[PDB]
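*Asks:* Here it is, the structure in full.
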Amino acid sequence: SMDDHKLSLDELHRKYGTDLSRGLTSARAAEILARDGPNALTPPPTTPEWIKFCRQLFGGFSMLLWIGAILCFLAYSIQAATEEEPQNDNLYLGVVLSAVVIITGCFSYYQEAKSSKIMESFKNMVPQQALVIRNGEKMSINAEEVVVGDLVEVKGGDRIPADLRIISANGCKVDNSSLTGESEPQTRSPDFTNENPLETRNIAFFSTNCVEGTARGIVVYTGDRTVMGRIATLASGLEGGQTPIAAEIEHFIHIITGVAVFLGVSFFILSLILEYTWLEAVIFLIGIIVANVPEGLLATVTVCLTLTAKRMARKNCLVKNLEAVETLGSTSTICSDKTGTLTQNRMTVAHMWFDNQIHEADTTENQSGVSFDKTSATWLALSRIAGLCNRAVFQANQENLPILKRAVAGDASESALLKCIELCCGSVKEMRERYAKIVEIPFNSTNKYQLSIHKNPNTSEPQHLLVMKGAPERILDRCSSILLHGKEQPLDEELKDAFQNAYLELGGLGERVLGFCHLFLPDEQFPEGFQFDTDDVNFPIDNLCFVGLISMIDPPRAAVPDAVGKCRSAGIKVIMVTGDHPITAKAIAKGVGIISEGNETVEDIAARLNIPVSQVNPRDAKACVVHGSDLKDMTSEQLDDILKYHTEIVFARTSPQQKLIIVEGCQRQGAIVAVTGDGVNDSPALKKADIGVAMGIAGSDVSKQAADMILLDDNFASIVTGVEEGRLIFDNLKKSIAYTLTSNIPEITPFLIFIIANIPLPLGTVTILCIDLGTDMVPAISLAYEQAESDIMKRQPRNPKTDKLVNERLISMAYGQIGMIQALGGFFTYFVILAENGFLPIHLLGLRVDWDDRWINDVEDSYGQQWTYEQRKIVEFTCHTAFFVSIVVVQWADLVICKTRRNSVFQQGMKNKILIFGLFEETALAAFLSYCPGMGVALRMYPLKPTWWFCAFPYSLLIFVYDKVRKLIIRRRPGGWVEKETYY
Amino acid sequence: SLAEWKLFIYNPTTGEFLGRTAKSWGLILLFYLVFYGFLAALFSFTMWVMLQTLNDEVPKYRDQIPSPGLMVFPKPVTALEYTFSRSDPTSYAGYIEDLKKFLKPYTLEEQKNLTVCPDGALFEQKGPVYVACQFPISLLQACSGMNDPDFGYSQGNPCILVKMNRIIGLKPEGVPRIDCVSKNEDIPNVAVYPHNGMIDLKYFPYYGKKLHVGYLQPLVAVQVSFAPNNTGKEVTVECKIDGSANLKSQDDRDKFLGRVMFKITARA
Ligand SMILES: CC(C)CCC[C@@H](C)[C@H]1CC[C@H]2[C@@H]3CC=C4C[C@@H](O)CC[C@]4(C)[C@H]3CC[C@]12C
Ligand code: ALF
Ligand SMILES: [K+]
Ligand SMILES: [K+]
Ligand SMILES: [K+]
Ligand SMILES: [Mg+2]
């Protein structure tokens, strides 16, 4: 679209009004600069941190607690204005509720996406200076003033300032890893080659650099109008959406808020029916609101996520967005880049054909694989040729590095041969010391081979050797003999056919193959003193002795095949999206396990059946390779057909925005897509993906700015660890949420029984705040340390539509059975405290009016004694303390039964030390609140008689026994009615 | 803009009501009915076992009620403030009705069964009969039902009863008395009629509702007089126990422990 390589030299120059050699006039340049704008990328506006905190302050439970604080202030105002002797109870309650909202907002703010600096990273890719021709003179100017249609000169590693239409080039090559992710240099020529501007040779793109040569070009786009500028704008404008854990959190927030609103409004209007005062009604509503809302639930979730993130931070896996922890566990599809992500981004020797045999060398970066045999004399000769006909040389001051991981000055092929020789045998410095190079002829465009004549290995004066490397099937056209185990024999036709089979077989693995041979002087007819520097000498290079073939490829990382296998076992569809050529993409897919053995593509089936690809039924092939050109004009519906029916998909030659198209197509089927990449062309895909993972060492700055997680050590098994930890934290979050929600009922029910049966209040609001914000925090957090009940890597990825973090079964279980047992235990303790002090349970019915009356100071108990207001209020507050302690006692068994969901509690053992400390700390905090001096004035907590601690013991035992029996029924009948209704 | 909920209720296929079928609804309601029935049975059994350990005569603990409070009768409508109009019988009718309803056990007619006890001595009863001492209504002279039909009302001199809180097995030491004084500088005269407060020891100790049948707590009646022409309204008067060390009356947390403050206003 909008191509400028079609126009001729004059047609391009007349469109822009630019002289071919004189350049652009300064006045016209200034006019165009004022007309179009500066050569710069505009950062996208960012929401200030002030707003984001405020946004977090108004979500779900926060609104209910805001209503509670408002009602507390209103109650204080009413109390003061009416009875003129105020107590600082409702005011302090409102202040505490507001502080709780602020702290919960802080916790939510920590657990939030921290935005990205992608556009800043692109601005690090624009050059600071540009060489521009104006008035027929070279000048170095600030790149921001570079306008369209002026002569720009690039050379010698300089980054291209803007998209150029190259009109002159002297051996120019550019690195297009920003557009294709592939670092092999691309030649730039003035002539038109290909229709597509990305693959054509005369266009030079912004954010790329000229590795070698010089080029004079014409600017065709500037600033945001460049190809990479539009990609940067797209990446900045994109958002990752709502994470799945955020959706689950919003779901159960909606459920709990709806229940709270229903109960609050129903019982508030009921209290107005019963002719309660406005102050009494608002106090009751505050109690209901505090009882229904779990104050410490969201902070607990944030702490669990943080702990799991720290668990992965130890394994060299850095989690930037806290919500990204569970997204990997929920992932069902992984779109993977090839180079740098799955492969090692380094050209390495893979196979050798010699001894009429194929030997596979070790390609792993850590060298954990086995090596081949070094015992062959022709192998010694081949290693000598490969390491001695090599122009590449190691860069200095890095001898303290592994050979494969050290910088080399030379081509990728030359460096691959250099490193292979270094690992295999000796060192190239000493090889050149022993064999002094006396002449060489480098690679030629018309010869396609390189030779070097140097001193013999036999040390004899007359003998020298010529070593030659070149194309495989052409180099033996000059050869006539071969070395076999150190013995030379003439070239046999069977040997030629075997060579052809080996060349096609190594080439069939997507590897560049090269042939190496040498020749010795026949006799003394050519003396050593003869000068070989004579150009076009009449000494043809023929009748050589073919030595061997060496193949090269960018090999997969060591752990990538096993990681892909584990992910496929976990039910994850792993798609391969690459900007490289289709043949290499298919070869790497077969190598790492994207395309399994025994599965064929439509083209492969056609080749097998010797029929055109049209006759092959596309439904037969379960694997497909889709070229970028086909993906371009392909409509969305056709893309959805490819994803649905093919199980092994490889997209090849994909532009950066086509990766985005593929990611959106995958997400269109309701899938959680994780993208792994390490280049700047993956940044839109990393932004759009549900979770973006970028490599640490090999990753570019843009990729790690656009990603949610970074593999710091570039270990691809960290993906397996991440999905396992995501599934584990999902299960443990279910457990923790169930435990937190269970204790709500012992706080809701006292208010309802209060308003219904008009008994004295069994539980206070401050006591409720002491439960959730206090004794319930550490035990709830401790569930995050639970181990997996089984192998969680065998189950399929969870369905976001069907599987909820909080479903009806969890709500049903916690609110209806365990919560009601806990409420019964608390009410029994309440009745015991009141009965043993004089107020029998029958006498409590209808006593609310007199008990709460500050002026009636002769309330008669069941024994004829008369109590004042404060005397009976002390008993009521003791009942509140005992109710709190009873909730703690039943929460003991609640924690024990929430430790597991299917297996026996003592089956797995007490591996979780944090849970035991949680039990002990909960009990210790309860005792400290009860018995510390001054707690009768602060929280109205009062000392409990020792026998009163055991009132709730029978109900805790009932909870434990009921859960154990239910679990036993679950395992005996997995498809039973109990499992369909209780299991969550 | 789509009603996904409408199909969710009353699904024609499978007959699922609110996401659950008729059979499954029956099963889940039956399960919850049986579960809550078992829970209620366990709670009832545990309550009955707790009640079996209790004593019907005397509470297990008395540490939360060590000293008696002081209360006035009848209870005013709002904030323990007596308001009435001398010319309007209906204003002070409720006080009259409450006073006659309360003082009915104290008259000579009903307490003929009760026994006269020697004065000034604590009456300890080890025996199981637990007979009660009688309180003559003549002790509240000019504030009792016999002298006048209206308990001081319509004369500008209302009568109010001050009574000590009942506590089981409480033995006051010393000579307990109740003294009432006006707080304002106008000091309208207050006259506790049975001499001083003079709570007699012969009524103590209280032995409970079950055991000590027919107990009549000692009563102290006050009369705050007002002038015929001068209403003398908004008078605050405070009564307290100052004759006994056992009965504490200086507490700060509880303003009704051993004392009581009440306000009187009169019209015309
Ligand atoms: C103090 C007493 C009255 C409280 C009683 C609470 C009861 C009646 C409430 C609280 C939780 C509620 C349950 C919550 C979950 C479910 C599962 C759902 O699929 C059907 C409704 C059902 C079964 C509800 C029935 C009514 C229920 C059990
Ligand atoms: F590293 Al790529 F396409 F292989 F960006
Ligand atoms: K709560
Ligand atoms: K993302
Ligand atoms: K809770
Ligand atoms: Mg890459």
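How things are named: the first chain in the structure tokens is A, the next is B, and so on; residues count from 1 in each chain; ligands count from 1 in the order shown.
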Using only C-alpha atoms and all ligand atoms, which protein or nucleic acid residues are at most 6 Å from ligand 4, as a list in words?
*Replies:*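 Going residue by residue within 6 Å of ligand 4, we get residues 240, 686, 687, 688, 689, 690, 691, 692, 707 and 708 of chain A.
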*Asks:* For residue 194 (chain B), find every residue with an atom within 6 Å (counting only C-alpha atoms), except residues of its own chain fewer than 2 positions away, and show them as a short mmCIF file (atom, residue, chain, number, x, y, z; two decimals) with N, CA, C and O atoms, in the first residue's frame.
*Replies:*
data_model
loop_
_atom_site.label_atom_id
_atom_site.label_comp_id
_atom_site.auth_asym_id
_atom_site.auth_seq_id
_atom_site.Cartn_x
_atom_site.Cartn_y
_atom_site.Cartn_z
N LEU B 139 -45.52 3.64 105.65
CA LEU B 139 -44.17 4.18 105.74
C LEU B 139 -43.94 5.29 104.73
O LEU B 139 -43.14 6.20 104.97
N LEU B 140 -44.61 5.22 103.58
CA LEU B 140 -44.55 6.28 102.58
C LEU B 140 -45.68 7.28 102.79
O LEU B 140 -46.47 7.57 101.89
N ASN B 196 -35.22 9.34 107.31
CA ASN B 196 -34.23 9.46 106.25
C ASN B 196 -34.54 8.43 105.17
O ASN B 196 -35.65 7.89 105.13
#
*Asks:* Neighbours of ligand 6 within 6 Å, counting only C-alpha atoms and all ligand atoms, as a list in words?
*Replies:*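 Going residue by residue within 6 Å of ligand 6, we get residues 181, 337, 338, 339, 340, 341, 677, 678 and 679 of chain A.
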*Asks:* Around ligand 5, at most 12 Å away and counting only C-alpha atoms and all ligand atoms, which residues are there? Put them as an MDAnalysis selection string, please.
*Replies:* chainID A and resid 256 290:298 300 736:748 767:777 779:780 814:815 819 822 887:888 891 894
*Asks:* Could you write those residues out with N, CA and C atoms, as a CSV table (one decimal), in the first residue's frame?
*Replies:*
chain,number,residue,atom,x,y,z
A,256,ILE,N,-21.2,-11.0,45.7
A,256,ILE,CA,-21.3,-10.6,47.1
A,256,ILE,C,-21.9,-9.2,47.3
A,290,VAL,N,-21.2,-4.0,57.2
A,290,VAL,CA,-19.9,-4.5,57.6
A,290,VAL,C,-19.9,-6.0,57.7
A,291,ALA,N,-21.0,-6.7,58.1
A,291,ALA,CA,-21.0,-8.1,58.2
A,291,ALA,C,-21.0,-8.8,56.8
A,292,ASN,N,-21.7,-8.2,55.8
A,292,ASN,CA,-21.7,-8.8,54.5
A,292,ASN,C,-20.4,-8.6,53.7
A,293,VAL,N,-19.8,-7.5,53.8
A,293,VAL,CA,-18.6,-7.2,53.0
A,293,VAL,C,-17.4,-7.9,53.6
A,294,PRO,N,-16.7,-8.7,52.9
A,294,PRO,CA,-15.4,-9.2,53.3
A,294,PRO,C,-14.3,-8.1,53.2
A,295,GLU,N,-13.9,-7.5,54.3
A,295,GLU,CA,-13.0,-6.4,54.2
A,295,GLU,C,-11.6,-6.8,53.8
A,296,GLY,N,-11.1,-8.0,54.2
A,296,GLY,CA,-9.8,-8.4,53.9
A,296,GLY,C,-9.6,-9.4,52.7
A,297,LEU,N,-10.7,-9.5,51.9
A,297,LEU,CA,-10.6,-10.5,50.8
A,297,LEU,C,-9.7,-10.1,49.7
A,298,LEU,N,-9.8,-8.8,49.3
A,298,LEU,CA,-9.0,-8.4,48.1
A,298,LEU,C,-7.5,-8.2,48.5
A,300,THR,N,-6.1,-10.1,50.6
A,300,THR,CA,-5.6,-11.4,50.7
A,300,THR,C,-5.2,-12.0,49.3
A,736,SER,N,-8.8,-20.1,49.5
A,736,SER,CA,-8.7,-18.9,50.4
A,736,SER,C,-10.0,-18.1,50.4
A,737,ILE,N,-10.6,-18.0,49.2
A,737,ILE,CA,-11.8,-17.3,49.1
A,737,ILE,C,-12.9,-18.0,49.9
A,738,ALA,N,-13.0,-19.3,49.8
A,738,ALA,CA,-14.0,-20.1,50.5
A,738,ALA,C,-13.8,-19.9,52.0
A,739,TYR,N,-12.5,-19.9,52.5
A,739,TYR,CA,-12.3,-19.7,53.9
A,739,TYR,C,-12.7,-18.3,54.4
A,740,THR,N,-12.4,-17.3,53.6
A,740,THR,CA,-12.7,-15.9,54.0
A,740,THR,C,-14.2,-15.7,54.0
A,741,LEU,N,-14.9,-16.3,53.0
A,741,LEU,CA,-16.4,-16.1,52.9
A,741,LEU,C,-17.1,-16.9,53.9
A,742,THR,N,-16.6,-18.0,54.5
A,742,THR,CA,-17.3,-18.8,55.4
A,742,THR,C,-17.6,-18.0,56.7
A,743,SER,N,-16.7,-17.2,57.2
A,743,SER,CA,-16.9,-16.5,58.4
A,743,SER,C,-17.8,-15.3,58.3
A,744,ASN,N,-18.3,-15.0,57.1
A,744,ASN,CA,-19.3,-13.9,57.0
A,744,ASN,C,-20.6,-14.3,57.7
A,745,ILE,N,-21.0,-15.5,57.6
A,745,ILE,CA,-22.3,-15.9,58.1
A,745,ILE,C,-22.4,-15.7,59.6
A,746,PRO,N,-21.4,-16.1,60.4
A,746,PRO,CA,-21.5,-15.9,61.9
A,746,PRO,C,-21.5,-14.4,62.2
A,747,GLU,N,-21.3,-13.5,61.2
A,747,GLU,CA,-21.4,-12.1,61.5
A,747,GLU,C,-22.7,-11.5,60.9
A,748,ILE,N,-23.3,-12.1,59.8
A,748,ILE,CA,-24.6,-11.6,59.3
A,748,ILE,C,-25.7,-12.1,60.2
A,767,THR,N,-16.1,-5.8,66.6
A,767,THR,CA,-15.7,-7.2,66.7
A,767,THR,C,-15.6,-7.8,65.3
A,768,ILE,N,-16.6,-7.5,64.4
A,768,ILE,CA,-16.5,-8.0,63.0
A,768,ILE,C,-15.3,-7.5,62.3
A,769,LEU,N,-14.9,-6.2,62.5
A,769,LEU,CA,-13.7,-5.7,61.9
A,769,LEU,C,-12.5,-6.4,62.5
A,770,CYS,N,-12.5,-6.8,63.8
A,770,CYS,CA,-11.4,-7.5,64.4
A,770,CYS,C,-11.3,-8.9,63.8
A,771,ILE,N,-12.4,-9.5,63.3
A,771,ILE,CA,-12.4,-10.8,62.7
A,771,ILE,C,-11.7,-10.8,61.3
A,772,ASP,N,-12.3,-10.0,60.4
A,772,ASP,CA,-11.8,-10.0,59.0
A,772,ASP,C,-10.5,-9.4,58.9
A,773,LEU,N,-10.3,-8.2,59.4
A,773,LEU,CA,-9.0,-7.5,59.3
A,773,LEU,C,-7.9,-8.1,60.2
A,774,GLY,N,-8.3,-9.0,61.2
A,774,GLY,CA,-7.4,-9.6,62.1
A,774,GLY,C,-7.1,-11.1,61.9
A,775,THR,N,-7.8,-11.9,62.7
A,775,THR,CA,-7.5,-13.3,62.8
A,775,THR,C,-7.8,-14.1,61.5
A,776,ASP,N,-8.5,-13.5,60.6
A,776,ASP,CA,-8.7,-14.1,59.3
A,776,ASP,C,-7.7,-13.9,58.2
A,777,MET,N,-6.7,-13.0,58.5
A,777,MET,CA,-5.8,-12.6,57.5
A,777,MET,C,-4.7,-13.6,57.2
A,779,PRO,N,-4.3,-16.9,58.4
A,779,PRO,CA,-4.8,-18.2,57.9
A,779,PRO,C,-5.2,-18.2,56.4
A,780,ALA,N,-5.9,-17.1,56.0
A,780,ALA,CA,-6.3,-17.0,54.6
A,780,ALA,C,-5.2,-16.9,53.6
A,814,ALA,N,-20.1,-22.5,51.4
A,814,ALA,CA,-19.7,-21.7,52.5
A,814,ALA,C,-20.8,-21.0,53.2
A,815,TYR,N,-21.8,-20.4,52.5
A,815,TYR,CA,-22.8,-19.6,53.1
A,815,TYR,C,-23.9,-20.5,53.8
A,819,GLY,N,-20.9,-22.0,57.2
A,819,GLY,CA,-21.3,-20.7,57.8
A,819,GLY,C,-22.4,-20.9,58.8
A,822,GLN,N,-21.1,-22.6,62.0
A,822,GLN,CA,-20.3,-21.6,62.8
A,822,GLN,C,-21.2,-20.6,63.5
A,887,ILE,N,-16.0,-17.8,67.0
A,887,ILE,CA,-15.7,-17.7,65.5
A,887,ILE,C,-14.3,-18.2,65.2
A,888,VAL,N,-13.3,-17.8,66.1
A,888,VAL,CA,-12.0,-18.2,65.9
A,888,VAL,C,-11.9,-19.8,66.1
A,891,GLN,N,-13.3,-21.4,63.1
A,891,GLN,CA,-12.4,-21.1,61.9
A,891,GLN,C,-11.2,-22.0,62.0
A,894,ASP,N,-12.5,-24.8,60.0
A,894,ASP,CA,-12.7,-24.3,58.7
A,894,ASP,C,-11.4,-24.3,57.9
*Asks:* With only C-alpha atoms as the counted atoms, please give the residues lying no more than 7 Å from residue 151 (chain A), apart from itself and same-chain residues fewer than 3 positions off, as a count of residues only.
*Replies:* 6
*Asks:* Compute the set of protein, DNA and RNA residues whose minimum atom distance to ligand 2 is at most 9 Å, using only C-alpha atoms and all ligand atoms, and state it as a ChimeraX atom specification.
*Replies:* /A:177-183,336-343,345,577-580,585,652-656,659,677-682
*Asks:* Filtering to N, CA, C and O atoms, could you give me those residues as a compact mmCIF listing (two decimals), in the first residue's frame?
*Replies:*
# COMPACT_ATOMS: atom_id res chain seq x y z
N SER A 177 16.02 -6.61 11.30
CA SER A 177 15.47 -7.34 12.44
C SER A 177 14.33 -6.61 13.12
O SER A 177 13.63 -7.22 13.94
N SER A 178 14.13 -5.33 12.83
CA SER A 178 12.98 -4.61 13.38
C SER A 178 11.69 -4.96 12.65
O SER A 178 10.61 -4.88 13.24
N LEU A 179 11.78 -5.34 11.38
CA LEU A 179 10.61 -5.68 10.58
C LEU A 179 10.37 -7.18 10.47
O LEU A 179 9.22 -7.62 10.44
N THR A 180 11.44 -7.98 10.40
CA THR A 180 11.32 -9.42 10.23
C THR A 180 11.82 -10.22 11.41
O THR A 180 11.55 -11.43 11.48
N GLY A 181 12.55 -9.61 12.34
CA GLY A 181 13.12 -10.34 13.45
C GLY A 181 14.34 -11.16 13.10
O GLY A 181 14.86 -11.86 13.98
N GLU A 182 14.80 -11.11 11.86
CA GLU A 182 15.92 -11.91 11.38
C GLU A 182 17.10 -10.99 11.09
O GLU A 182 16.95 -9.99 10.38
N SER A 183 18.26 -11.34 11.63
CA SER A 183 19.41 -10.44 11.63
C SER A 183 20.35 -10.63 10.45
O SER A 183 21.34 -9.91 10.35
N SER A 336 4.15 -18.34 19.41
CA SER A 336 5.57 -18.28 19.68
C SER A 336 6.33 -17.74 18.48
O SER A 336 6.10 -18.17 17.34
N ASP A 337 7.24 -16.81 18.74
CA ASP A 337 8.22 -16.38 17.76
C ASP A 337 9.29 -17.45 17.60
O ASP A 337 9.53 -18.25 18.50
N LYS A 338 9.92 -17.48 16.42
CA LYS A 338 10.92 -18.51 16.15
C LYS A 338 12.31 -18.09 16.63
O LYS A 338 12.91 -18.76 17.47
N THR A 339 12.82 -16.99 16.09
CA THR A 339 14.21 -16.62 16.32
C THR A 339 14.37 -15.91 17.66
O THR A 339 13.61 -14.98 17.97
N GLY A 340 15.35 -16.34 18.45
CA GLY A 340 15.59 -15.75 19.75
C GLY A 340 14.68 -16.32 20.83
O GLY A 340 15.07 -16.42 21.99
N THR A 341 13.45 -16.68 20.45
CA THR A 341 12.49 -17.24 21.39
C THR A 341 12.58 -18.76 21.45
O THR A 341 12.85 -19.32 22.51
N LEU A 342 12.37 -19.43 20.32
CA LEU A 342 12.49 -20.88 20.26
C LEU A 342 13.90 -21.32 19.87
O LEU A 342 14.38 -22.34 20.39
N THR A 343 14.56 -20.58 18.99
CA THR A 343 15.92 -20.89 18.58
C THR A 343 16.91 -20.03 19.37
O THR A 343 16.53 -19.18 20.17
N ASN A 345 19.18 -17.91 18.07
CA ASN A 345 19.57 -16.70 17.35
C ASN A 345 21.06 -16.70 17.02
O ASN A 345 21.71 -15.65 16.99
N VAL A 577 4.40 -18.31 15.01
CA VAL A 577 4.30 -17.10 14.20
C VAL A 577 5.70 -16.54 14.06
O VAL A 577 6.32 -16.15 15.05
N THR A 578 6.20 -16.49 12.83
CA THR A 578 7.56 -16.03 12.57
C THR A 578 7.59 -15.13 11.35
O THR A 578 6.73 -15.23 10.47
N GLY A 579 8.58 -14.25 11.32
CA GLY A 579 8.86 -13.41 10.18
C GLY A 579 9.90 -13.96 9.24
O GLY A 579 10.39 -13.24 8.37
N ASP A 580 10.27 -15.23 9.40
CA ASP A 580 11.31 -15.87 8.60
C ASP A 580 10.69 -16.64 7.44
O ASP A 580 9.46 -16.73 7.30
N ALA A 585 11.05 -22.04 8.86
CA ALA A 585 10.00 -22.11 9.86
C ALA A 585 9.48 -23.53 10.03
O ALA A 585 9.33 -24.02 11.15
N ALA A 652 4.27 -18.02 8.45
CA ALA A 652 5.61 -17.67 8.00
C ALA A 652 5.58 -16.37 7.21
O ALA A 652 4.58 -16.04 6.56
N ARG A 653 6.69 -15.64 7.27
CA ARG A 653 6.85 -14.35 6.59
C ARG A 653 5.74 -13.38 7.00
O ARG A 653 5.07 -12.78 6.16
N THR A 654 5.55 -13.23 8.30
CA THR A 654 4.49 -12.39 8.84
C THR A 654 5.05 -11.03 9.23
O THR A 654 6.10 -10.93 9.88
N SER A 655 4.35 -9.97 8.81
CA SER A 655 4.69 -8.62 9.22
C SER A 655 4.29 -8.41 10.68
O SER A 655 3.54 -9.20 11.24
N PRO A 656 4.81 -7.36 11.32
CA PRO A 656 4.46 -7.13 12.73
C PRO A 656 2.97 -7.01 12.99
O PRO A 656 2.48 -7.52 14.01
N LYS A 659 1.16 -10.46 12.92
CA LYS A 659 1.18 -11.16 14.21
C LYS A 659 0.02 -10.72 15.08
O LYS A 659 -0.62 -11.55 15.74
N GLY A 677 7.92 -13.71 22.58
CA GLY A 677 8.72 -13.06 21.56
C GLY A 677 9.86 -12.29 22.20
O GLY A 677 9.90 -12.10 23.42
N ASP A 678 10.80 -11.85 21.36
CA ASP A 678 11.96 -11.13 21.85
C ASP A 678 12.36 -9.94 20.99
O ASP A 678 13.38 -9.30 21.28
N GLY A 679 11.59 -9.61 19.95
CA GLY A 679 11.93 -8.53 19.05
C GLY A 679 10.94 -7.38 19.14
O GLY A 679 9.95 -7.44 19.87
N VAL A 680 11.22 -6.33 18.37
CA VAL A 680 10.34 -5.17 18.36
C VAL A 680 9.13 -5.40 17.47
O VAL A 680 8.14 -4.67 17.59
N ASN A 681 9.19 -6.38 16.57
CA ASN A 681 8.04 -6.73 15.76
C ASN A 681 7.00 -7.54 16.52
O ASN A 681 5.87 -7.68 16.04
N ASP A 682 7.36 -8.07 17.69
CA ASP A 682 6.41 -8.77 18.54
C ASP A 682 5.69 -7.86 19.52
O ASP A 682 4.76 -8.31 20.20
*Asks:* What is the CA of residue 735 (chain A)-CA of residue 804 (chain A) distance in Å, reported with one decimal?
*Replies:* 13.0 Å
*Asks:* Which residues in region 141-274 of chain A does DSSP call strand (DSSP E)? List them as a PyMOL selection string.
*Replies:* chain A and resi 141-142+151-155+163-175+186-187+203-204+209-221
*Asks:* Convert the current residue selection to file output with C-alpha atoms, as a JSON list (two decimals), in the first residue's frame.
*Replies:*
[["chain", "number", "residue", "atom", "x", "y", "z"],
["A", 141, "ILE", "CA", 21.82, 17.93, 11.12],
["A", 142, "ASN", "CA", 19.51, 16.96, 13.94],
["A", 151, "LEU", "CA", 19.06, 13.24, -0.24],
["A", 152, "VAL", "CA", 19.98, 11.29, 2.90],
["A", 153, "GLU", "CA", 23.30, 9.42, 3.04],
["A", 154, "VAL", "CA", 23.78, 6.38, 5.29],
["A", 155, "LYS", "CA", 26.93, 4.31, 5.82],
["A", 163, "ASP", "CA", 12.03, 5.50, 5.32],
["A", 164, "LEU", "CA", 14.27, 5.95, 2.28],
["A", 165, "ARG", "CA", 13.91, 5.23, -1.42],
["A", 166, "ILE", "CA", 17.48, 4.24, -2.22],
["A", 167, "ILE", "CA", 18.68, 5.81, -5.46],
["A", 168, "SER", "CA", 22.39, 4.96, -5.09],
["A", 169, "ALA", "CA", 24.13, 2.16, -3.21],
["A", 170, "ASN", "CA", 27.74, 0.91, -3.08],
["A", 171, "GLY", "CA", 27.57, -2.57, -1.58],
["A", 172, "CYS", "CA", 25.00, -1.42, 0.97],
["A", 173, "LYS", "CA", 23.36, -3.88, 3.35],
["A", 174, "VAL", "CA", 20.85, -3.28, 6.14],
["A", 175, "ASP", "CA", 19.72, -5.21, 9.20],
["A", 186, "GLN", "CA", 19.82, -7.69, 3.31],
["A", 187, "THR", "CA", 21.34, -6.16, 0.18],
["A", 203, "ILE", "CA", 13.46, 0.75, 0.34],
["A", 204, "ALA", "CA", 15.36, 1.36, 3.59],
["A", 209, "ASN", "CA", 20.83, 0.35, 10.38],
["A", 210, "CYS", "CA", 23.26, -0.02, 7.48],
["A", 211, "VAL", "CA", 25.64, -2.79, 8.55],
["A", 212, "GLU", "CA", 28.01, -2.13, 5.63],
["A", 213, "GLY", "CA", 28.33, -0.02, 2.50],
["A", 214, "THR", "CA", 26.99, 3.41, 1.59],
["A", 215, "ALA", "CA", 23.62, 4.52, 0.27],
["A", 216, "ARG", "CA", 22.08, 7.76, -0.99],
["A", 217, "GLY", "CA", 18.29, 7.69, -0.69],
["A", 218, "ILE", "CA", 15.17, 9.83, -0.87],
["A", 219, "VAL", "CA", 12.88, 10.17, 2.14],
["A", 220, "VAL", "CA", 9.41, 8.77, 1.45],
["A", 221, "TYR", "CA", 7.91, 8.88, 4.97]]
